[PDB]
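Enquirer:
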Amino acid sequence: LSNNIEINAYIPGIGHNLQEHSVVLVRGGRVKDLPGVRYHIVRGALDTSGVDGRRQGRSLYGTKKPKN
Amino acid sequence: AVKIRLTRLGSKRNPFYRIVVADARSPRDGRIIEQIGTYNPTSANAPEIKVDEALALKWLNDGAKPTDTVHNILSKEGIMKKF
Amino acid sequence: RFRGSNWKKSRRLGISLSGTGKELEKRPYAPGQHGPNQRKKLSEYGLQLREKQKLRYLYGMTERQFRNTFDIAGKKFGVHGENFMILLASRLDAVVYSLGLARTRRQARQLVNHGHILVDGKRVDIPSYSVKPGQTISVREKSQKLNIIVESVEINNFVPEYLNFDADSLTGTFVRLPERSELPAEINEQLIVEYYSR
Amino acid sequence: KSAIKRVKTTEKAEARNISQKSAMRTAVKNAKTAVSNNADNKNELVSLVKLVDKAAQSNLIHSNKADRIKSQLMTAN
RNA sequence: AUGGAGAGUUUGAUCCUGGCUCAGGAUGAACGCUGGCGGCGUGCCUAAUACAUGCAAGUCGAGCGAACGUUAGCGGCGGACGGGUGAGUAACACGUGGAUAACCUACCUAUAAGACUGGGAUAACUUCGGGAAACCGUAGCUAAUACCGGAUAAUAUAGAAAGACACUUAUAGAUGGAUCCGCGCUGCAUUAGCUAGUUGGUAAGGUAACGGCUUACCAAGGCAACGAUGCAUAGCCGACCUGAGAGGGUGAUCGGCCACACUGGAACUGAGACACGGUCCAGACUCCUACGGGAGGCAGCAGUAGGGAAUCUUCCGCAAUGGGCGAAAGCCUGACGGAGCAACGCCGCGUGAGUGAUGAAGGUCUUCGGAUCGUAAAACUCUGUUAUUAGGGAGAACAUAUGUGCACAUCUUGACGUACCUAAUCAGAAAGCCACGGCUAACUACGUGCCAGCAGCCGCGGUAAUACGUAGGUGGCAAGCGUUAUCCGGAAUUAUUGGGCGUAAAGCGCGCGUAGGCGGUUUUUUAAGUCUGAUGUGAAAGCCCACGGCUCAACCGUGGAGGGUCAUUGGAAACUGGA
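Keeping their order, the protein sequence lines are chains c, g, l and j.
Residues 70 to 137, numbered by the deposited numbering, are exactly what the first sequence covers, in order.
Residues 2 to 84, numbered by the deposited numbering, are exactly what the second sequence covers, in order.
Residues 3 to 200, numbered by the deposited numbering, are exactly what the third sequence covers, in order.
Residues 5 to 52, 54 to 82, numbered by the deposited numbering, are exactly what the fourth sequence covers, in order.
1) Which of helix, strand or coil does DSSP assign to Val-121/l?
2) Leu-49/j to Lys-70/j, Cα distance in whole Å?
3) By DSSP, does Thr-39/g sit in helix, in strand, or in coil?
4) What first and last residue would you give for the beta strand (DSSP E) that runs through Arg-6/g?
5) Can you tell me the Cα-Cα spacing of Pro-162/l and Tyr-197/l, whole angstroms?
6) Among the residues of its own chain, which have a CB less than 6 Å from the CB of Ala-25/g, if the five just before and after it don't count?
7) Starting from the Cα of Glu-188/l, find the closest Cα among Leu-15/l, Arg-178/l, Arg-111/l and give me that residue.
8) Buried or exposed: where does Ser-26/j fall if 16 or more other Cβ atoms within 10 Å of its Cβ makes it buried?
9) Once you ignore the five residues that flank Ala-31/j on each side, which residues in its own chain have a CB closer than 8 Å to its CB?
10) Kindly confirm or deny that the stretch 142-151 of chain l and the stretch 57-73 of chain l touch, where touching means at least three C-beta pairs closer than 8 Å.
11) Exposed or buried, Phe-160/l, counting other C-beta atoms within 10 Å across all chains shown (16 or more means buried)?
12) Which residues in the same chain have their Cβ closer than 7 Å to the Cβ of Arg-41/l, if we skip the five residues on either side of it in sequence?
13) Looking at the secondary structure, which residues open and close the alpha helix (DSSP H) in which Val-195/l lies?
14) Span of the alpha helix (DSSP H) holding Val-22/g?
15) Determine whether the beta carbon atoms of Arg-111/l and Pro-129/l lie at a separation below 8 Å.
16) Which residue's Cα is closest to the Cα of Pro-48/g: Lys-13/g, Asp-63/g, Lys-77/g?
17) Would you mind giving the Cβ-Cβ distance between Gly-113/c and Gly-119/c, rounded to the nearest angstrom? I have them listed as a contact below 8 Å.
18) Please determine, among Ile-8/j, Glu-15/j, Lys-75/j, the residue with the shortest C-alpha to C-alpha distance to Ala-35/j.
19) Taking just the CA atoms, how far does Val-52/g sit from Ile-33/g?
20) What is the DSSP secondary structure of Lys-70/j, reduced to helix, strand or coil?
21) Between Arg-93/l, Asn-166/l, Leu-113/l, which lies nearest to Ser-132/l when the distance is taken from Cα to Cα?
22) Is it true that the stretch 74-82 of chain c meets the stretch 95-113 of chain c, where meeting means three or more beta-carbon pairs spaced less than 8 Å apart?
23) According to the Cβ coordinates, are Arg-3/l and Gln-67/l closer than 8 Å?
24) Less than 8 Å separating the beta-carbons of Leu-101/l and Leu-172/l?
25) How is the alpha helix (DSSP H) around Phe-86/l delimited, first residue to last?
26) Does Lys-56/l pass the burial test, meaning 16 or more other C-beta atoms within 10 Å, or should it be called exposed?
27) Between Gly-62/l and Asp-95/l, is the Cβ-Cβ spacing less than 8 Å?
28) For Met-81/g, count the other beta carbons within 10 Å of its own beta carbon; 16 or more makes it buried, fewer makes it exposed. Which is it?
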């Protein structure tokens, strides 16, 4: 991230960003009993939004295309 | 130049002016030499012209007039017709 | 203001007082999910919150919109315990529930235009009207005889106290002082007189 | 726009020729010289009159400083 | 006392201390968005982010020289005041009092004051060699209520230049600052100390003041625990949540003050600075370029660039409220006002049913058993509260022949001009997203089947996960909803109400010794003391006993009531540790 900091981040969900060397908002939240990664990654945020497969969220996980 | 400036103090967009012997170099919140109670132009209560210029009688002899153009406000305070 | 079914007020709450028969064609058991199971026992703070939710479906103004209602049933001097049933009958639903316009409170809030509204001068299309000793909650000149205003003119004979209603008039202007015990008593009084204070 | 000389003029009254201020300092340099030499300049204290035809007629000195020398003088006689 | 206080967590259930994973409101907010209409307010919160700008505020003869009341430009006159951002004083700097044998008090307008006394003269006018501008030369001048000290009043007892049919010594009316103490201020164990004219002495001066300011000299381990002395570094306050009170918080506002003005540093006649756009000096910056130069507010406004899950237009006017100029008149103003601004909270007039066919044309679960998304419903009537053009019009209130002692006359306004509303009664739409086995008010069919989803607490996925994903849904609440960092319900959790002197949360093995923290001494004391006493004052974005309306919003008088006062002994001694 910024301020020369390195953390074992992880993207929670099914979102598979295909844009390397790009800024990615750090999801405000830690993991639950997961030795190794101790942080999450916000979906989208000036990067690969995600997939339109899911539609039960329509709030987070880079949701879009409101069904009618 | 030292008249009865209306000290504009209180809340925002509703200053509670209080006629007091102030200078022209110090507008609004400056320096009161002879305070004269306070004027209430709320027009919703009885006590309105509650000015106490009992010690302001010496001010009206060498530097005393109207600061915020208050002729009717000073009209109630009739302390003339004696010179 | 709730924009929902007005039949769950006598299921989620324990004090509806809005209709005679409601559990006749329904199921007067417990809640919804565990409706075929046993009932529970209202908690100390829960009983005061249940009454608030019970009056939430009864009173038109909900959380924050009924500020005056709660403010008049707390800081106001007098029987604080019975201040929720004393200083809370100053709405426009009471006039319709005393003259014979609307049997419910939600319909009484919408009866401030279709029914009598002109309270001897300036009217009000809100859920609460300023009816004091001198105000005659009547109809207008063009809306003198309405359909919802003269609906139960003979169906609603018995009228409430501190209220007036006649044929081709329905103008309320009787006593201004009301009763603090002339309302349903199912919720606690000191409980809401302390919880509200907080 | 308006030259200030009634408000914060502490340095505004201290920014021009000082020749007249230095010339007045040389005239008040005999303060103790004339007193130690018994000059006639400080003679006749009925006037210094020095309050009826001096301060306004022609005067250009300090305030408190002059007042100190304006106390013993103009009053001694 | 409007009178807090859920669990799990440990055997296979457990009590009990203990800590938070976790039943809520708050969230100067943004946020993926489904963000009908709006009164009001905040908006580089991420940013003392760099720099092209529109840009501080102009004038005056009752007193003087254009061609024609001031028209010649001198003189009276805010550049520091409106302002802007708050890195900067861990502290009278501000917050907070009497004050001043620490005290100055310049100053602002009235009267004494007789326009007196030495005056030449002054910018303009303009004799004017040249210079790219980057500056010398040729120089005479003319004014103005611009303007010059000694003898006759003020701590003695050594007055003038001129006002219409202005005035000056004394001083008043008035006026700004320096000060005493009583008040806000971190801890280090992985530092345990600091001042030496530290502590007091009087004399060379001069400023708001004594003066350890220096003055002649003055101590030892003394000062200091009052962590003085190191740091922490912050603009301070009037404030809003808060336990139910006992506890606890204690600043965004909006005004006072305290600051700052590329960087420093030293000085500069007229009336109170270091000067937001005067000096000089230096330093690294700004840019064009005649070789020399100019330098920078953008720390006045709005912008280009900064990275902000997280924020105002390079728009009109001085309506008005201002003050400074200025016999009036004239005249000044990104002070200030009005329009762009986003769900920034708008919660309501808030969008159609008086009526009403199993209200279906057949589907929502369907072992189809009925009910129904369904007193949904047709197609109208209904409900008015959408347009259709409309002419519309309190902070701060008195004036202007010359007829008028803090009173006032022929003659002094607009940057505007569509709340609640029962009325025209066109038809302008409260949707939504979430838990659904739940915990915790909530579900049916398929599709999945440790693939993926779900995923605070639970967990549900290796087959029958209504926990998953679609459809019919359901509980909640409200023009929306899931998210991120910030107080308190949660619960006392350095225990303070809220800790043991043993398993819990607890045996200093240290047996020999005064940290003044604290451990009967009779009587006995001169009054440490419990409840009476100067009371005027008794004020307060203060809970004001009421006090005003804006329907949903900001419309504010009551200093005696009124507490949030400002009578609680001078005093009645056989008595914490010390007899």
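We treat Cβ as the ideally placed atom computed from N, Cα and C, and that holds for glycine.
Expert: In brief:
1) Taking the first residue of the third sequence as 1, we reach residue 121/l at position 119. If DSSP states are grouped into helix, strand and coil, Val-121/l belongs with the strands.
2) Residue numbering aside, residue 49/j sits at position 45 when the fourth sequence is read from its first letter. Residue numbering aside, residue 70/j sits at position 65 when the fourth sequence is read from its first letter. Roughly 19 Å between the two C-alpha positions.
3) The count along the second sequence starts at 1 and reaches residue 39/g at position 38. In this structure, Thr-39/g counts as strand in the three-state DSSP scheme.
4) Here residue 6/g refers to the residue found at position 5 when the second sequence is read from its first residue. Taken as a continuous stretch (DSSP letters only), the beta strand (DSSP E) holding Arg-6/g covers 5-7.
5) In the third sequence, the residue the question calls residue 162/l occupies position 160. In the third sequence, the residue the question calls residue 197/l occupies position 195. Taking the straight line from one Cα to the other gives about 31 Å.
6) Sequence index remark: in the second sequence, residue 25/g carries index 24 (1-based). The residues are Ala-2.
7) In the third sequence, counting from the first residue as 1, residue 188/l sits at position 186. Out of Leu-15/l, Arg-178/l, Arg-111/l, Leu-15/l has the C-alpha closest to the C-alpha of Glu-188/l.
8) To locate residue 26/j, count along the fourth sequence from 1; it is residue 22. When all chains shown are included, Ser-26/j counts as exposed.
9) Locating residue 31/j in the fourth sequence gives position 27, where the first residue counts as 1. Same-chain partners within the cutoff: there are none.
10) no
11) Working through the third sequence from its first residue, we reach residue 160/l at position 158. Classification for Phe-160/l: exposed.
12) By 1-based counting over the third sequence, the position of residue 41/l is 39. Excluding sequence neighbours, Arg-41/l sits near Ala-32.
13) Position 193 of the third sequence, counting from 1, holds the residue named residue 195/l. Here the alpha helix (DSSP H) through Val-195/l covers 192-197.
14) The sequence position of residue 22/g within the second sequence is 21, counting from 1. First-last for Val-22/g: 20-23, but that is the beta strand (DSSP E), not the alpha helix (DSSP H).
15) Numbered from 1 along the third sequence, position 109 holds the residue referred to as residue 111/l. Numbered from 1 along the third sequence, position 127 holds the residue referred to as residue 129/l. Yes, the Cβ-Cβ distance between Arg-111/l and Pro-129/l is below 8 Å.
16) The count along the second sequence starts at 1 and reaches residue 48/g at position 47. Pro-48/g has its Cα closest to that of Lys-77/g, out of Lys-13/g, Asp-63/g, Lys-77/g.
17) Mapped onto the first sequence, residue 113/c falls at position 44. Mapped onto the first sequence, residue 119/c falls at position 50. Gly-113/c to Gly-119/c, Cβ: 6 Å. Contact.
18) Translated into the one-based positions of the fourth sequence, residue 35/j becomes position 31. Considering only alpha carbons, the answer is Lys-75/j.
19) Within the second sequence, numbered from 1, the residue matching residue 33/g stands at position 32. Within the second sequence, numbered from 1, the residue matching residue 52/g stands at position 51. Going by the C-alpha atoms only, they are around 14 Å apart.
20) Counting from 1 along the fourth sequence, the entry for residue 70/j is found at position 65. Three-state DSSP puts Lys-70/j in a helix.
21) As a first step, residue 132/l is located in the third sequence; it is residue number 130 there, counting from the start. Ranking the options by Cα distance to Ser-132/l, first place goes to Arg-93/l.
22) yes
23) Residue 3/l sits at position 1 when you count from the first residue of the third sequence. Residue 67/l sits at position 65 when you count from the first residue of the third sequence. Yes. Within cutoff.
24) Taking the third sequence and counting its residues from 1, one reaches residue 101/l at position 99. Taking the third sequence and counting its residues from 1, one reaches residue 172/l at position 170. Going by C-beta atoms, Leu-101/l is nearer than 8 Å to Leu-172/l.
25) Taking the third sequence and counting its residues from 1, one reaches residue 86/l at position 84. From DSSP, the alpha helix (DSSP H) with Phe-86/l extends over 85-88.
26) Locating residue 56/l in the third sequence gives position 54, where the first residue counts as 1. Under this definition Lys-56/l is a buried residue.
27) Here residue 62/l refers to the residue found at position 60 when the third sequence is read from its first residue. Here residue 95/l refers to the residue found at position 93 when the third sequence is read from its first residue. Cβ atoms of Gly-62/l and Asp-95/l: closer than 8 Å.
28) Here residue 81/g corresponds to residue number 80 of the second sequence, with the count starting at 1. By the 10 Å Cβ count, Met-81/g comes out exposed.
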